[PDB]
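Have a look at the structure below before the remarks.
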Amino acid sequence: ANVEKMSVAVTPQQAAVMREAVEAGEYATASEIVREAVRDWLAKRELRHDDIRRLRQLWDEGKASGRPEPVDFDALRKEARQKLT
Amino acid sequence: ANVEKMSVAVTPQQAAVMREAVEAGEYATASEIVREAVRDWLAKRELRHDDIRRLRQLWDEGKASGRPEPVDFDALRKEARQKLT
Amino acid sequence: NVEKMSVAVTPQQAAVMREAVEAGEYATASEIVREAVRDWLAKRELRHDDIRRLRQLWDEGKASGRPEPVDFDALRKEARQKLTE
Amino acid sequence: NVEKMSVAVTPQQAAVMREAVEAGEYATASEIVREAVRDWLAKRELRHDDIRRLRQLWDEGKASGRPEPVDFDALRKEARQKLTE
Amino acid sequence: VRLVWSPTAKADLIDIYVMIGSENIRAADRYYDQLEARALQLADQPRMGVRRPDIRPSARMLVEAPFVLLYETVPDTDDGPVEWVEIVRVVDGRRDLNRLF
Amino acid sequence: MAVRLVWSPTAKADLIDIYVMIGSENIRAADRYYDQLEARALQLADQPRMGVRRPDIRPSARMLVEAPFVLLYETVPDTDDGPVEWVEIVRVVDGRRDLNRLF
Amino acid sequence: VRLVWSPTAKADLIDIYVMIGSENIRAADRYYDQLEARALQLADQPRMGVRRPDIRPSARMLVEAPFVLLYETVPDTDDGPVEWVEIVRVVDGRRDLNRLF
Amino acid sequence: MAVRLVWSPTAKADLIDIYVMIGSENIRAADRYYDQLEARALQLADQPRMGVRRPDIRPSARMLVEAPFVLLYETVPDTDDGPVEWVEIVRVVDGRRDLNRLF
Ligand code: NA
Ligand code: NA
């Protein structure tokens, strides 16, 4: 009762390698692979959500910074080169 | 026919977040999550196999290098400090 | 042996690296950089895997014959036909 | 702004970084180091997640009562009982 | 700008629909709606993708999450009128990529 | 034909930061990034809807890639068709510095 | 050296067996064989694990893939006779860790 | 009581490499790594089977961790019980330098 069963469709190539891993004794069952893979996916998903939150934070900073203006890249080059000291 | 169905047991906590992701419209079905997760797991597995091959390569180099001998760390310190120039 | 180089990182990165060293996670910032660059070597190999995969898929597409417009209404009907043998 | 530091990497790492720059993947080695250290920041956060998780689990174990020897024959019988309500 | 698809790209689209449509036809339809909408945007804006000459010299990538459209313009120029866009592949990043970029 | 294109104060700061960071060791590379970013912005002024919508960031947000950078911008009005009065580039983000899943 | 297990570690062992045993009893038995064998090795060699004072000051980790035994010695010294080993948790790295080390 | 402990020529080279790499900027850290590695090896001479078997590497291989390093070694005879005549440390591996899934 500490598991929840679900029917899932993987690609034939994926199912093949999952069977290979079990037959090699790397895992006892395909479910063990899916549990490990989904835990990793949870962490990956959180890193992706971090990215979205970071982009939103950066966006919000830009929108709060004042009146937007055109940029002259020739002028900008000179300003940046001066910041280089 | 470009998929293979399997019944898998995930943890209740995992099943919950998978449902949350689908309900949020991040994925259409749980199968899409498993396919993505298993592809990532395939790559992770190959990095782990790389590690085992690398450890084996390093081991084999050590075994081919000649007669093993005791090490005096006080002496070794002096040799290493000389290599520092 | 060892190769020294002068590198430019962000102030934010330098601050966290110093925090980690001061906390005893690492002995010096170079230890962090070596770990980080080793991980980047693997990332780069996975990136090259992706590029090769996309190139392979591209080449297959370019060798498959004359390109044509797609009617998505007709395409949907054809995909549903495929689903039913 | 920018923070410069002198770091020591392996000759093998320095060689691949130079290869990547010469191939046009990056403009300078510092660009690689910045990407690599940013990825390490995330790795370190995942490492801290692991440490926190292990600490949480540890603390729970240490607060759960008097430790006792385990008979694995008896334990197996008890686990099979759990499997059947 | 004329929009055409390689025979393999058409096969990609069919495979995508069949894979998800095998359990959720509504989702399969939604993907076609999204892919068609992006392909239409691309025909209006042929250089909206990213150049990827490290793949092949004329290759461009346009994301339509979770998919990536690999395409080229003819001519393969940076400026001026485009005569057509060819979508060469439709790739599912969940199944075939470590990262998008 | 080209619509008005403006940059938030923070986006201008992003551009200066980018140039100074790489220019501290390779001024030719700094110049090339400015050549590329200026070219991409000029394209955008001519075709204001070339960036992909990213309403998951903020409702009007659009993303245009100029590797290794991501331009975040919006059109005003925020419409899918019809006249655009300006494009505002809100940030220039270096994916190597700020993103897990890209670059 | 006396070997004891926290009540939670015993619960960990039961949960592990139930989880895999729900579909493969032979595998569940194999895991118990492996965990018992490692715990016996640990009783003979109490300091074979790695110290992890960054977790808690007396904490040690011993891998028994895919599991990690979290344990301590009493006394918590680096040298000299150990009176007992307490296994505090049995952790499945596949379910609870990004990395082992 | 302690068994004979020897190191492959390559393992000795590993030890020198480790010290020189970190010692090039922090000699106290180099000394501490030698203190720790010597201590772990002394433990191993007293308890030759404290390393976990890793037959997936090679059949007799054992691994003993001394973070961030992994000691790879074997006993001879390669038995699970009975007298050991020596321990050979075959490599000292820095996980930060050579492993994907550890350190
Ligand atoms: Na990045
Ligand atoms: Na590592």
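Convention: sequence-line order gives letters A, B, ...; per-chain numbering from 1.
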Fill in: Check: B/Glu61/H/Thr10 side-chain N/O donor and acceptor closer than 3.5 Å
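Side chains of B/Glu61 and H/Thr10: no pair found under 3.5 Å.
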Discussion item. Can a side-chain donor-acceptor contact be found between C/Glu35 and C/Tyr26 if the only test is distance below 3.5 angstrom?
Written reply: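 Present: a donor and an acceptor within the cut-off.
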Can a donor-acceptor pair be found, under 3.5 Å and without considering hydrogens, that links the side chain of [X] to the backbone of [Y]?
X: B/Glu20; Y: B/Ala15; value: no
X: G/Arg38; Y: G/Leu69; value: no
X: H/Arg58; Y: B/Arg56; value: no

Worksheet item: So with a 6.0 Å cut-off around CZ of B/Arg48, is the heavy-atom count from everything else above 12?
Response: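 Open.
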Straight-line distance of [X] [atom1] to [Y] [atom2], nearest 0.5 Å:
X: E/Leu13; Y: E/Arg89; atom1: CG; atom2: CZ; result: 10.5 Å
X: H/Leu37; Y: H/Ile18; atom1: CG; atom2: CD1; result: 6.0 Å
X: G/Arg30; Y: G/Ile25; atom1: CZ; atom2: CD1; result: 12.0 Å
X: E/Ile55; Y: C/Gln56; atom1: CD1; atom2: CD; result: 12.5 Å
X: H/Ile89; Y: H/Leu72; atom1: CD1; atom2: CG; result: 10.0 Å
X: B/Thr11; Y: G/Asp15; atom1: OG1; atom2: CG; result: 10.0 Å

Where do [X] and [Y] come nearest, in terms of heavy atoms and distance?
X: G/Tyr71; Y: G/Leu62; answer: CE2-CB, 4.0 Å
X: A/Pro12; Y: B/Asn2; answer: CD-O, 3.2 Å
X: D/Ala20; Y: C/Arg44; answer: CB-NE, 3.9 Å
X: A/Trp41; Y: B/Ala37; answer: CB-CB, 3.8 Å
X: G/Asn24; Y: A/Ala28; answer: ND2-O, 4.0 Å
X: B/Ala30; Y: A/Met6; answer: CB-SD, 4.4 Å

Do [X] and [Y] have side chains that get closer than 4.5 Å, going by heavy atoms?
X: B/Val17; Y: A/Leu42; answer: yes
X: A/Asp40; Y: B/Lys44; answer: yes
X: G/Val68; Y: G/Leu100; answer: yes
X: F/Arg96; Y: D/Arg38; answer: no
X: H/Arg97; Y: H/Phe103; answer: no
X: B/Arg35; Y: B/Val3; answer: yes
X: A/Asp50; Y: A/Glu46; answer: yes
X: A/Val22; Y: A/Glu26; answer: no

Item to complete: Would you check, one step at a time, whether the test side chain to side chain contact (heavy atoms under 4.5 Å, CB included) holds for D/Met17 with C/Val37?
Response: CA-CA 9 Å; D/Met17 280 190 286; C/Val37 170; 4.1 Å; yes
Worksheet item: side chain to side chain contact (heavy atoms under 4.5 Å, CB included) between E/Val91 and E/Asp12: does it pass, once the steps are laid out?
Response: CA-CA 7 Å; E/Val91 180; E/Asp12 290 334; 5.6 Å; no
Fill in: E/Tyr17 and E/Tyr31 aromatic centres sub-6.0 Å
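Judged by ring-centre distance (under 6.0 Å), E/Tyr17 and E/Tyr31 do not meet the cut-off.
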Worksheet item: When you check the gap from the basic side-chain N to the acidic O, do B/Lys63 and B/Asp60 get nearer than 4.0 Å?
Response: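 No salt bridge links B/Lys63 with B/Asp60.
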Worksheet item: Is the shortest distance from a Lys or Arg side-chain nitrogen in G/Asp33 or G/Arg26 to a carboxylate oxygen in the other one below 4.0 Å?
Response: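 Here G/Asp33 does not pair with G/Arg26 in a salt bridge, since their nearest N and O are not under 4.0 Å apart.
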Discussion item. For G/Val50 and G/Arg60: C-alpha separation, side-chain torsions, deciding distance, then whether side chain to side chain contact (heavy atoms under 4.5 Å, CB included) applies.
Written reply: CA-CA 5 Å; G/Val50 169; G/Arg60 302 187 204 244; over 6 Å; no
Fill in: For A/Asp51, all residues meeting side-chain contact (heavy atoms from CB on, under 4.5 Å), sequence neighbours excluded
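F/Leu99, F/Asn100, F/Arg101.
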Worksheet item: Does the side chain to side chain contact (heavy atoms under 4.5 Å, CB included) test come out yes or no for B/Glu4 and A/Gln14, once each step is laid out?
Response: CA-CA 9 Å; B/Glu4 190 164 316; A/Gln14 290 176 332; over 6 Å; no
Fill in: Name of the residue among B/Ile33, B/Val34, B/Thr29 meeting side chain to side chain contact (heavy atoms under 4.5 Å, CB included) with B/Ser31
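Only match with B/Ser31 under side chain to side chain contact (heavy atoms under 4.5 Å, CB included): B/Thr29.
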